[PDB]
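If you want the building blocks of each chain, they are given just below.
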2 protein chains.
Amino acid sequence: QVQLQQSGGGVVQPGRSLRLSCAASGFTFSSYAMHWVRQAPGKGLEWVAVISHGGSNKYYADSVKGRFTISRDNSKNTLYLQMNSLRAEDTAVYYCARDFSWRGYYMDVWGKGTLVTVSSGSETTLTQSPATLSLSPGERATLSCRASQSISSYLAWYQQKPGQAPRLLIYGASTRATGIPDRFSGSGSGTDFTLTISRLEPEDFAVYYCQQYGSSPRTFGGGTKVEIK
Amino acid sequence: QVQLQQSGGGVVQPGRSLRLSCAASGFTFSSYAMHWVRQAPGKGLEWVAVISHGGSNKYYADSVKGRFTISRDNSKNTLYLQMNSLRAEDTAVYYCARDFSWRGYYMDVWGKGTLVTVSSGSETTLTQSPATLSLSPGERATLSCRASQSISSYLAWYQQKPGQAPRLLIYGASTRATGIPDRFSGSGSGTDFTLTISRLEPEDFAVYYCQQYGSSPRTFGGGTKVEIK
């Protein structure tokens with residue numbers, strides 16, 4: 001009977017290349033259009049590529065275009081998919097499918113599928129609250145930075161004026177950098193950290209980021225925007 | 001004074017390579033650790049890479065590791081970032097930054113930044129309702145498929161039993177494929193489409209997908225799971 005045998009599935013790391021094979025028998029291979037359809041574990045079907053019966057016309061989905069290649073060998077009766085520059089999102093069960101005819105409209109014969117997994121290649125997460133803070137000039141800003149793991153006071157504070165590069169304010173969670181006025185003050189140890197800006201100047205209205213250096217890799221907080229009201 | 005001049009920013013397509021330069025003056029370049037930090041338009045700061053003063057030790061963030069490379073030329077007083085296999089998410093303003101010392105803990109001098117954009121290289125979206133449908137055997141299932149654009153009845157229906165490959169049920173939105181019993185019936189035209197499964201068999205409990213072929217590229221619907229209660 002009509003049959004499609006699949007091979008070439010396995011585990012690869014991101015960036016590398018994989019090639020899948022779909023061996024066909026029971027029908028005239030060179031007279032039908034051929035399809036690849038993928039399905040990530042859990043979610044629905046995603047259409048990948050189509051090739052014409054002669055192999056001259058090839059069409060791809062937007063997500064795979066430029067880095068995926070559909071090909072066929074009509075003397076070998078085999079369909080191929082070259083997968084290059086592989087992302088983590090490319091992790092799916094890949095089905096080869098024979099089209100109804102040469103048209104490439106819809107498929108009536110499906111291969112069993114081969115599993116393709118792209119993985120994989122500890123951190124200290126910093127959370128900043130609040131997200132935004134509305135205040136007047138003369139008012140005082142209080143900013144929280146919470147680490148997922150104890151950092152033993154190895155934390156830095158950065159100011160970023162809109163459109164400008166970041167500027168170091170506090171290093172070591174207490175020490176104030178050279179140039180920085182004493183209305184800015186860093187506080188805290190372990191997991192809990194605070195920046196206090198007493199008597200807000202118009203210059204002080206900016207985005208503020210905390211950065212840890214107790215563990216590798218170095219991470220930032222999500223930021224706190226201090227804006228006028 | 002202490003200065004960092006940045007260049008090499010621009011627009012590239014996904015997959016291609018870009019190299020950024022950070023030219024340094026006003027300090028002893030070969031005695032400080034060097035940082036790259038990126039910021040996607042709108043969101044916060046993301047730490048990319050660090051290089052030691054001698055250039056022997058290199059450390060990268062998880063998202064960029066394996067495809068990004070940090071390097072330096074101490075005779076040229078220049079820091080480099082080689083960006084390979086570029087994703088759409090890599091779109092950011094890239095800052096070079098001098099570390100406080102050779103340690104690589106935190107940075108006190110920041111470059112202006114260069115903008116890097118990765119873009120870009122019409123569709124008919126199919127929506128399926130409901131997501132799940134709980135029914136007994138003997139009951140009737142009614143399934144909706146809605147296209148974003150009129151497809152002039154060029155729609156196909158697929159059944160997928162759990163763990164198995166998809167199986168064509170209806171093509172052209174009315175016609176029933178060979179093998180398929182007449183308790184399954186497709187209906188509709190233009191944008192509105194329905195599959196009706198009268199008197200549900202135990203075999204019929206599966207996931208159902210609609211697929212359009214009026215426009216290129218070929219797209220699927222999100223699926224409807226028909227399950228027991």
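Residues numbered from 1 in each chain as written, not as in the entry; some residues may be left out. Chains lettered and ligands numbered in written order. Heavy atoms only, no water.

- For this deposition, the record names X-ray crystallography as the technique by which the model was determined and cites 2.65 Å as its resolution.

## Observations regarding the nonpolar core
Item 1. The biggest cluster of nonpolar side chains holds 72 residues, and the ones touching the most others in it are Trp 36 and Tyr 94 of chain B.
Item 2. Not counting residues within four places of it along the chain, the set of residues in contact with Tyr 94 of chain B comprises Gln 6, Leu 20, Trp 36, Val 37, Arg 38, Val 48, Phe 68, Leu 81, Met 83, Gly 113, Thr 114 and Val 116 of chain B.
Item 3. Counting residues in hydrophobic clusters, the runner-up holds 70 residues, among them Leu 20, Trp 47, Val 64 and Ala 92 of chain A. (Core = buried A, V, L, I, M, F, W, Y, C linked by side-chain atoms within 4.5 Å. Buried < 20%, exposed > 50% of the residue type's maximum accessible area, 1.4 Å probe, protein only. Contact = heavy atoms within 4.5 Å.)

## Some points on the relation of the copies chain A and chain B
Item 1. In the superposition of chain A on chain B (RMSD 0.0 Å, axial shift 0.0 Å), the rotation amounts to 180 degrees. Expressed as a symmetry operation, the mapping of one chain copy onto the other fits a two-fold axis. Taking C-alpha positions as reference, the residue of chain A nearest the rotation axis is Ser 85 of chain A, located at 3.3 Å.
Item 2. A shared binding surface is used by both copies, with 100% of the interface residues of chain A retained as interface residues in chain B. (Least-squares fit on C-alpha atoms.)

## Let's talk about the interface of chain A and chain B
Interface size is commonly expressed as the accessible surface area that is lost when the partners come together.
Item 1. The partner chain B presents 37 residues to the 37 residues of chain A that form the contact.
Item 2. Between chain A and chain B, the buried area comes to about 3,400 Å², and carbon and sulfur atoms account for 63% of it.
Item 3. In this assembly, chain A and chain B are joined by zero salt bridges.
Item 4. Applying the counting rule to chain A against chain B returns 11 residue pairs in polar contact.
Item 5. For the side of chain A that touches chain B, the secondary structure elements donating two or more residues are β4 (34-39), β5 (45-51), β10 (107-110), β15 (155-160), β16 (167-171) and β20 (207-212) of chain A.
Item 6. Of the residues belonging to the side of chain A that touches chain B, the class tally is 22 nonpolar, nine polar and six charged. (Buried area = accessible area lost by both parts, 1.4 Å probe. Salt bridge = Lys/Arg side-chain N within 4 Å of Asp/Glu carboxyl O. Polar contact = N/O pair within 3.5 Å; in protein donor to acceptor, adjacent residues only side chain to side chain. Helix = DSSP H or I, 4+ residues; strand = E, 2+ residues; numbered from the N terminus. Nonpolar A, V, L, I, M, F, W, Y, C, P; charged D, E, K, R; others polar.)

## Quick notes on the environment of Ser 185 of chain B
Residue and element names in this part refer to chain B.
Item 1. Mapped onto the elements of the fold, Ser 185 is located in strand β18 (residues 184-189).
Item 2. On the basis of relative accessibility, which here comes to 28%, the residue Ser 185 falls in the partly exposed class.
Item 3. Put simply, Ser 185 and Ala 156 are 29 residues apart on the chain and 12 Å apart in space, counted from C-alpha to C-alpha.
Item 4. Residue contacts for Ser 185: discarding those within four places in its chain leaves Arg 176, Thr 194, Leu 195 and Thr 196.

## Digging into the environment of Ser 216 of chain A
Item 1. Take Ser 216 of chain A: it is sitting in the loop between β20 and β21 (219-220).
Item 2. The spacing of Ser 216 of chain A and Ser 189 of chain A is 27 residues in sequence and 18 Å in space, taken between C-alpha atoms.

## Considerations on the packing of aromatic side chains
Residue and element names in this part refer to chain B.
Item 1. This model, assessed by the stated rule, comprises 24 aromatic pairs over all chains.
Item 2. Ring plane angle 75 degrees and centroid distance 6.0 Å describe the contact between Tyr 95 and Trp 110, whose orientation is recorded as edge-to-face. Highlighted residues: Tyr 95 in strand β9 (residues 92-99) and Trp 110 in strand β10 (residues 107-110), separated in sequence by 15 residues. Neither residue differs from the other here; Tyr 95 and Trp 110 are each classed as buried. (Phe/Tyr/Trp six-rings, centres within 6.5 Å; stacked < 30°, edge-to-face > 60°.)

## Observations regarding the side chain of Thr 224 of chain A
Residue and element names in this part refer to chain A.
Item 1. Mapped onto the secondary structure, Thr 224 falls in strand β22 (residues 224-228).
Item 2. Among the residues examined, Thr 224 registers a relative accessible area of 0% and is labelled buried.
Item 3. A polar side-chain atom of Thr 224 sits 2.7 Å from the main-chain carbonyl oxygen of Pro 130.
Item 4. Aside from chain neighbours lying at most four places away, what touches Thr 224 is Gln 128, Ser 129, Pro 130, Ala 131, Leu 143, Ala 206, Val 207 and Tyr 208.

## Re the domain arrangement of chain A
Item 1. The assigned domain composition of chain A is domain 1 (1-121) and domain 2 (122-229).
Item 2. Inter-centroid distance (C-alpha atoms) of domain 1 of chain A to domain 2 of chain A is 50 Å. (Domains from an automatic or database assignment.)

## Regarding the state of the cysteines
Item 1. Counted by the stated rule, this structure contains four disulfides over all chains.
Item 2. Sulfur-sulfur distance for the disulfide between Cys 22 of chain A and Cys 96 of chain A comes to 2.0 Å. Around the S-S axis, the bridge from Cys 22 of chain A to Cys 96 of chain A shows a dihedral of about 60 degrees and counts as right-handed. Residue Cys 22 of chain A is found in strand β3 (residues 18-25), and its partner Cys 96 of chain A is found in strand β9 (residues 92-99); the two are separated by 74 residues along the sequence.
Item 3. Sulfur-sulfur distance for the disulfide between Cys 145 of chain B and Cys 210 of chain B comes to 2.0 Å. (Disulfide = S-S within 2.5 Å.)

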